DNA sequence: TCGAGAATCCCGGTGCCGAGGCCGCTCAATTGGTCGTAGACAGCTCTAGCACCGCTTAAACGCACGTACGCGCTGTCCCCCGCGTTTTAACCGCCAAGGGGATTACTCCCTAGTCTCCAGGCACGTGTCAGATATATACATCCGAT
DNA sequence: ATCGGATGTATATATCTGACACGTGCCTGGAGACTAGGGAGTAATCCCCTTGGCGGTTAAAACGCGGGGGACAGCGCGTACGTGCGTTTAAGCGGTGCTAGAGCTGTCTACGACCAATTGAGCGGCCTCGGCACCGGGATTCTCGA
Ligand SMILES: C[S@@+](CC[C@H](N)C(=O)[O-])C[C@H]1O[C@@H](n2cnc3c(N)ncnc32)[C@H](O)[C@@H]1O
């Protein structure tokens, strides 16, 4: 028969559709899983990982680095307003904190 | 054959073991459900409902009432230290609030 | 001829081999006599890491030589 | 049929009445526009989730269970309406 | 002989005064009262014995005697605190 | 043909306060209470069977989910109440 | 003995499309694996609960879509819906 | 090669090998011997005057002569005041129980000679009922002083471990016969060495104890249902037994007599037990639970104070519940 | 010459009045109009079961009353009696809402 | 001699530690603290070394975020120094001590 | 310290509707077998956690001076509370109309499941460059003095 | 405001290591093709309950006046915290070594899903009495001005 195409390639995605489809079947979420549900979900996870790596690669460039360090992931999420709403209850190991001094504390 | 005994009666309980066993099977919690799991869970739910009705029936008696009103459930939970930890993120409709005035606000 | 395959646990076994036998053939005979899979074996001859493509006579291995067995595992 | 400026229907006596169940005995005059802004942000978050539960059910009526489900996924679970 | 367990005794002292300053400097505070350090050793006493106990009781359910990095993640992420990088 | 726990909550009153009642507005709060702690315990016991790669929720997973969820002295007396019912169910 | 699975091959493919010259450390890749597994459990857990509310036994792309609207904040939910529907219409065309 | 001490009450002499049994890092037990002399120094409160003129606090125990100047002299200078053994006044009567300071030293001394590797006590299944822990000397002394054991009670320690609890009870109580039962093979093996070693260091000081028996077995067996109910006071360390066997102990304790005492680590009944129609078969119906005063170092697994509780069986509470159920 | 309570006495009398009752404190028809105009920005012709508007009000009452409790603690902390807008902003900042 | 005014070195330490990501508690006293809290469970516990680092990363993230809310309570009362009633007012609004 | 006056609790009556008990009846739980696989168990292996060692030195500890911040006090003044009159619209009760919630029947197309197959991702090994470190110098920052 | 001394801090170049990133072989998990069965899509119908309007009563909101209490600024004083220097304690490091326990495989049996038949428990509808709400009238208490 014809040569096999992965479901990620015919959806135009980078994340694995077949692995996400297996994790939905083996996760006790529903009795049955539709065919477009792992295609939709793998596109959302690929979108959200492309936003953080966009902003963290910008933070790595502002410190003249060519690798992303957990500090750059922390600076990316806390300086973006909507990534800070998702990951507001999330602590990142070796991530640190944003530089922030209250204006009352600065000397006169 | 022998006359049918309910699983609540042979466990010594008031809550339905057979209804809890059906809700565990139809709730997508696991592939398989053990035989002692609905017996254990129905005994915990019967215990927790007996503590609130203990304390709310005491609150109904302190207001000289013979019926439990949603105010009496609110007064029971918020005056018990450990029921307030379970139901701390729970709002009860027509329940009101505990009488509490800060001591600074009282007149001199 | 024979060789000695010393493990890191303290077990040195006697294996009857031939100079035309490869390291792939040495790793296949230990599974026949000890049950250790071929992806869990590393051989040592005078500080070398032996390759499955070449034979025992390509590395100048005399009979009654002490070969050491570094235990690699799939993960860690 | 267009409906506008209804935060002013939440009046100064009503906000003062809410503060005194909360135990406040004296209130500055600038509280009343703060409270209308806080209550508008709170209702916008709950109604947005309650409408997207009733769009997914393909209904045009917001039911009481849509409000209970919307409140539950904000941590503000609420007893006494069917949940 | 003596004994079956060497009991560790104080160990909250432990978290010293120049380590609480330099936890409050990341918090951005400029001046610190001398009564903060006893207050801060009691909070990190209540916390981190809620995490453990909720970390153990994942260890006894696995029949396992050794509390792993997961079951600290799953202890956190149960208290509304999600920790990345240890890793689930 | 709609079901609730109202028959069973009303039986637990007469054991506890044999001459008080509930209004129907507060009975519905008690039904919301039982359904809430049902899905807390069954939801945590589902994760315990998944963390340990089991496919069965047993009475041990219900026991350690009670110890995770209930605070302090509530968890002590719900465990002893649940083990009393299981050992009476298996000896009858 | 058992081999592991992660998203590290796939996070690294997304990174080369976005910043083709930057790299990533192994501790930052372990945080990106924790991020993908966290957002997976939020979306699949909410979509599981939507099928149970509506008395359905299947999870479709309609239920993934409304779980994205419930969970993501405003402009994240707008673009992730448009990325997801773009993938499904391309998947079902060919 | 060896060094010997002599008993004041005519018992068998002691043995201390010069390949010394050092136990921990630094207690290096010649400190055992030089403190053993100090308790026999006042029994008999006239060894301090008989041995003031030459001895002083001395270091350098690595030499054999430093013990030897102290030990055979103790075999010799005892007779400066032992010499009155005949003619007008006997020594102390054997029917004397020790003081709490002397009993603390004997129980520490019997423990050092009995358990050889105390890390073997940690070999158990984790989180099982068979985990190991101990109760200190100070809590058992609190426990003996806050129950009032008459001349006819019967003491049983359920899960006696190595058995140090029943040795303190049998040497501080005038009762008939005491028991301890242990299931695990490692502490029950040390309990047999602990049994012999307690008796020989009890005639050596010349002190009496009540009679006791350390047994192997399972108290959840059918032999023990009859003889748990027939005893007056029960000690049990139920801290990690778990709910399944704490439920089993309640339906053995339900057959105890009036005034039956139970001292446990965890309660078998709540401190705030309200009785209603729902818990009439509970064991808190027929008992009164009080919490003892916590002390430092009370248990052996942690440093913080752990308080044990006291249970007293009275079937006069359910009657007082039934004495207000009729007239309204 | 008429009777006149000192300021603060009637207010404490109203603390005890509304902490004893369980009634709703906002008028019901102005609250229902506010719900229907916020919902216009999400879906055009919604229908709103009358139990759903009462569930929204019971949650909004409980949110604001619990917010004025934390607002009152921020004003006592600054050694005041009046609540001010910076007390609401601090209370929502620590709670994790204002950020 | 030379001497900085008070507050100058303190602001210099704000900039020092809000720039770094390191752990600020010593590792052996924290590990010794963890092993003595776990003594309360009678049985012996073993603590894989990655779990102690997960406990320290979470405990320091908890305290740094608590001093941020504590600092806002001190500025609200027109003070510059934090004080134990600022920790108690922050933990009550957060929902911890109640 | 004491009388006026304004709220508040307390003590009875009338009226009512909602909670409680009764009964008839499905349908969901129980009984009884049965099969197959999940989980318990024994055995085995080797990674990783515990413990110990000595050394170097980073960091904690302790001390002392002085400065600036907390805190208490006072005074101003204006803004908030309390009250009375007027005005507005909530609320209730009722009527009427129709959108749409809720249900049922029918059938189709979508998904689970199966087997065959094959290629992508994992493990492993290996090489080089990004980043950390060090040193020395340049320069920006603080602070006492003028 | 300006100036200089001193301390911190940024800057630049070297050098060096270990971790990222690439490559290769391989196995297992994803893909292609097919069948069977039932979930849900679709339509049609019923009738509930949502909406819209109306009118009247009156509770509540709005407006304004008036005055006192509280917010806020200023000042002064004493104390306690920061800074920095010398002393001291133990953390950190690296290295060695033991052994135990976590992870693994292989049997094997008992436990739970599935299915069929049967009946009693619980649900719906039904009366109906009493708890409670309302109303009024009395005593008690609290606040405030003396
Ligand atoms: C915590 S130790 C108490 C030792 C001693 N009672 C003490 O406090 O010094 C509890 C002991 O009870 C023993 N045990 C547990 N279950 C038992 C049983 N069913 N029968 C006899 N002993 C048991 C265990 O072996 C364990 O060593």
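Chains as they are written, first to last, in the deposited numbering: chain C, 11 to 118; chain G, 11 to 118; chain L, 1 to 76; chain B, 20 to 102; chain F, 15 to 102; chain H, 33 to 124; chain D, 31 to 124; chain K, 5 to 332; chain A, 37 to 135; chain E, 38 to 135.
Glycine residues also receive a C-beta, built at the ideal position from the N, C-alpha and C atoms.
Residue i to residue j, Cα distance in whole Å?
| i | j | result |
| --- | --- | --- |
| residue 67 of chain D | residue 55 of chain C | 9 Å |
| residue 66 of chain L | residue 6 of chain L | 7 Å |
| residue 121 of chain K | residue 15 of chain F | 6 Å |
| residue 22 of chain B | residue 106 of chain D | 30 Å |
| residue 268 of chain K | residue 169 of chain K | 13 Å |
| residue 76 of chain F | residue 85 of chain E | 15 Å |
| residue 90 of chain D | residue 49 of chain C | 10 Å |
| residue 66 of chain F | residue 88 of chain E | 10 Å |
Which of the three DSSP states is assigned to residue i in this structure?
| i | result |
| --- | --- |
| residue 66 of chain H | helix |
| residue 72 of chain K | helix |
| residue 85 of chain K | helix |
| residue 53 of chain D | strand |
| residue 20 of chain K | strand |
| residue 85 of chain E | coil |
| residue 6 of chain K | strand |
| residue 68 of chain E | helix |
| residue 84 of chain F | strand |
| residue 40 of chain G | coil |
| residue 78 of chain C | strand |
| residue 60 of chain H | helix |
| residue 220 of chain K | strand |
| residue 96 of chain E | helix |
| residue 104 of chain D | helix |
Is any heavy atom of ligand 1 found at a distance shorter than 6 Å from the C-beta of residue i?
| i | result |
| --- | --- |
| residue 2 of chain C | Not covered by the structure: residue 2 of chain C. The range shown for chain C is 11 to 118. |
| residue 54 of chain E | no |
| residue 134 of chain K | yes |
| residue 163 of chain K | yes |
| residue 82 of chain E | no |
| residue 224 of chain K | yes |
| residue 307 of chain K | no |
Query - Cβ-based contacts, 8 Å cut-off: residues of the segment 79-96 of chain F near chain D - result: Within the segment 79-96 of chain F, the residues whose Cβ lies closer than 8 Å to some Cβ of chain D are 96, listed in chain order.
Query raised in the report: Just by C-beta distance, which residues in the segment 42-54 of chain K are closer than 7 Å to chain H?
Result: Against chain H - using a Cβ distance shorter than 7 Å - the segment 42-54 of chain K contributes no residues.
Report task. Please list the residues of the segment 27-51 of chain B that have a C-beta atom closer than 7 Å to any C-beta atom in chain A, keeping them in chain order. Result -> Correct list: 28, 29, 33, 36, 37, 38, 39, 40, 41, 42, 43, 44, 45, 46, 47, 49, 50.
Report task. Please name the residues in the segment 84-117 of chain C whose beta-carbon is closer than 9 Å to at least one beta-carbon of chain E, in chain order. Result -> Answer in chain order: 84, 101, 102, 103, 104, 105, 106, 107, 108, 109, 110, 111, 112, 114, 115, 116, 117.
Requested in this report: Run through the segment 41-78 of chain B for me and flag every whole alpha helix (DSSP H) of 4 or more residues, listed as ranges in chain order.
Outcome: Complete alpha helix (DSSP H) runs here, min 4: 50-75.
Requested in this report: Write down every uninterrupted run of the beta strand (DSSP E) in the segment 51-115 of chain G whose length is 3 residues or greater and which is fully enclosed by it, in chain order.
Outcome: DSSP runs (the beta strand (DSSP E)) wholly in the segment 51-115 of chain G: 100-102.
Query raised in the report: Between the segment 61-73 of chain B and chain D, which residues of the former have a C-beta closer than 8 Å to a C-beta of the latter?
Result: Hits within the stretch, in order: 68, 71, 72.
Query raised in the report: Using a beta-carbon distance cut-off of less than 9 Å, what residues from the segment 62-78 of chain D approach chain B?
Result: Taken in chain order, the members of the segment 62-78 of chain D whose beta-carbon sits within less than 9 Å of a beta-carbon on chain B are 76.
Query - Secondary structure, beta strand (DSSP E): runs of 3+ residues fully inside the segment 197-270 of chain K - result: Here the runs fully enclosed are 215-220, 237-240, 265-268.
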